[PDB]
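Here's a solo chain for you in structure tokens, the form deposited in one PDB entry.
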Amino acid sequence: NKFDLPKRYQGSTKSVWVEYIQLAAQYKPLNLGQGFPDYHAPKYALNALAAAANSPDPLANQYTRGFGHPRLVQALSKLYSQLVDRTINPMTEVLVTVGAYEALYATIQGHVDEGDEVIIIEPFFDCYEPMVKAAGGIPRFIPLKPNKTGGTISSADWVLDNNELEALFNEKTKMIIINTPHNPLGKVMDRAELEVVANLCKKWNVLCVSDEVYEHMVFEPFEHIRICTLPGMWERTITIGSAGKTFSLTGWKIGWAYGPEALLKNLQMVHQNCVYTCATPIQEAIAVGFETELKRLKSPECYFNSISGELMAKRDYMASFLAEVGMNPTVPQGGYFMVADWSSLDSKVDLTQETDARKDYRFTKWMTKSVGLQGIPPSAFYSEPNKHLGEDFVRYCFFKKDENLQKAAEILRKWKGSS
């Protein structure tokens, strides 16, 4: 008891991640659970890391500026200044962090004090709730729910109850966390939903935290819209991005938070006495990535532009083979995850020997063991009392080699064909 966790980690769980990493190592299924590319990222980013390691400058591999590598943050402000259509100060309005993860951490620790209520949308990215709780905050959850059922559906169909949302704000609301494009639904919030959240933030003096890591992977004909761009919102928005999702190099763990300096000062105090600085040769390589892209921004071969169409064909392909097998897929407006409703297969599969509390866990582990195809359970992304809303579903990642996609389609075809 003496050396037990401090109180502020009451509800403290292992991530669903570990146990599925262990299951995939044991049975070696066709793995649709990892939210990263089967195959290699754009070379030029990669080449830049090799160049920074090989650099003739002795300081390329020594400590860099704590709030962001200079060359890094100059490029960030260039890219974002054009997209948010104001000039972002690279030195005071941009903070570089150990992924979008540590950006989320600096923000939540910097702006959530004991008892502040933070509004979270379900299904949530996994870190959201434990970070709120560790900061002494109180989570307030509200789920996105399909406004239809059967085949045949879009991530725009998953919506909040507007009245519910409204009643969740009061003079105790410190913060709201919105994630768009949404993990794992793929829902890209349209102007009116953003407008809804914006109008509630202004009323209630709430800080909006905008997790825009999949900013660049919105599918035609949908469009990504930043909430820090809406009226009066700049002053009350921290927007978060990630190099790992921007350049498909998730093992690089560099991200950023941008916003007014008044909001960012809070992150800085947390950051300097948490990690202090980030890796120089990686930030250097990302700065050269951004510089390569900044030269050809309007151009189709810009990775920010190209990546949508690269994914879309796999998006469409997966939605097809999952519908073929008897699921109803939610077609994502953006990103690379797909949520599919498998419940009409529940009479065709034997979950008897599966011991998890939740049926999506049973189903997704049975599928690994029985036919060698791994997905992830969406109920791991809900607050205990709402877990029932994710049990009919499964999460698959389609950022995969065309041949591995085709193998998943026939593992499923041949499972159905007999049964």
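Quick note: we count residues from 1 along the sequence shown, nothing fancier. Between two forms, the rigid core is defined as the largest C-alpha subset superposing within 1.5 Å.
There is another form of this protein, the form deposited in another entry, and it is not shown here; the text below is about that form.
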item	value
Residue showing a 2 Å-or-more C-alpha displacement between the shown form and the other one once the rigid core is overlaid, selected from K145, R191, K348, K172	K348
Exceeds or equals 2 Å, Cα of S12 between the shown form and the other one, core fit	yes
Closer or farther in that other deposited form: C-alpha pair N179, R8 (3 angstroms or more)	farther
Distance direction in that other deposited form for the C-alpha atoms of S347 and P377, relative to the displayed form (3 angstroms or more)	closer
